[PDB]
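In structure tokens, the next block holds one chain alone, the form deposited in one PDB entry.
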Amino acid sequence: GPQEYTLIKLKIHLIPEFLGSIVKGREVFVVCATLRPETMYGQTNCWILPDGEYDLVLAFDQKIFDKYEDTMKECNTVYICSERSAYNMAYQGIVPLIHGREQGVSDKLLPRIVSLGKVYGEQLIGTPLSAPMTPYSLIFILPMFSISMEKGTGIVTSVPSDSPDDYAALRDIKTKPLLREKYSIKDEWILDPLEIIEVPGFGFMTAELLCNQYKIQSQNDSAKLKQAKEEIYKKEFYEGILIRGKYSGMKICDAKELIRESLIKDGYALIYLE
């Protein structure tokens, strides 16, 4: 049974040289899968799995190609994502496929994505990103250890006001200088949570309130975080009121698909199934 996500495109604002030599002038986005496009107003940072190994996937700019060279000339965009998600994107028309030459002979056509190279999540910690809707001009890639490489793209945007997981993981960074030292996390990469949604019995900073209610102490308390995640998801969909954006004042249930449609129209997001 597949699930529908919104893939959010976070533009790399300054491409580091270790990527620039491989992507050669192309726009590069880190792409994240979310069920909650309506929370983009509250993004504070991006999350990656430090030991996750990600692809640099050639993508269509805002039919299966016969030649690598033609695909390389026609596509000026790269998506950083798990290879797994890249194939799903390719089936869905989001990135090109080519008739691969890497095995067998010409008697069979073997469709393959075009991956320029690999990157470890750790190498991206600290990269500045332009993200949609958030008031921050730049947000930064930080480590999260609970990320599954088997889900979405393996890259996750952070809205700590309204995700218990994001709140716990960011608090882990804020309170452990041995964590910040290990990955050289600068202070200026750690941005304050933003009030974006009112939950009429809880206030405007609901993820923090629920982490306390469930007595969650770290981003590893999986069973507890699972209950918190599920409660905040249902409660906010049916009762949460947006206090930001075009649909400020409206319930999430009434605004969510309009927000999502706008992100898609504006080129910040895509529909993604897996």
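Shifts are known only where both forms have a C-alpha. A residue's number is simply how far along the shown sequence it sits, counting from 1. We call the rigid core the largest set of C-alpha positions that still match within 1.5 Å between the two forms.
Not on display, but discussed next: the form deposited in another entry.
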Notebook entry, point to check: Among 106, 148, 175, 184, whose C-alpha is off by 2 Å or more between this form and the one not shown on a rigid-core fit?
Noted result: 106
Margin query: Superposing on the rigid core, I want to see if residue 118 changes position between this form and the one not shown - specifically a Cα shift of 2 Å or more.
Written below: no
Margin query: Once the core is superposed between this form and the one not shown, does residue 138 show a C-alpha displacement of at least 2 Å?
Written below: no
Notebook entry, point to check: Relative to the superposed rigid core, which consecutive-residue segments of length 3 or more display CA displacements of 2 Å or more between this form and the one not shown?
Noted result: 72-74, 101-110
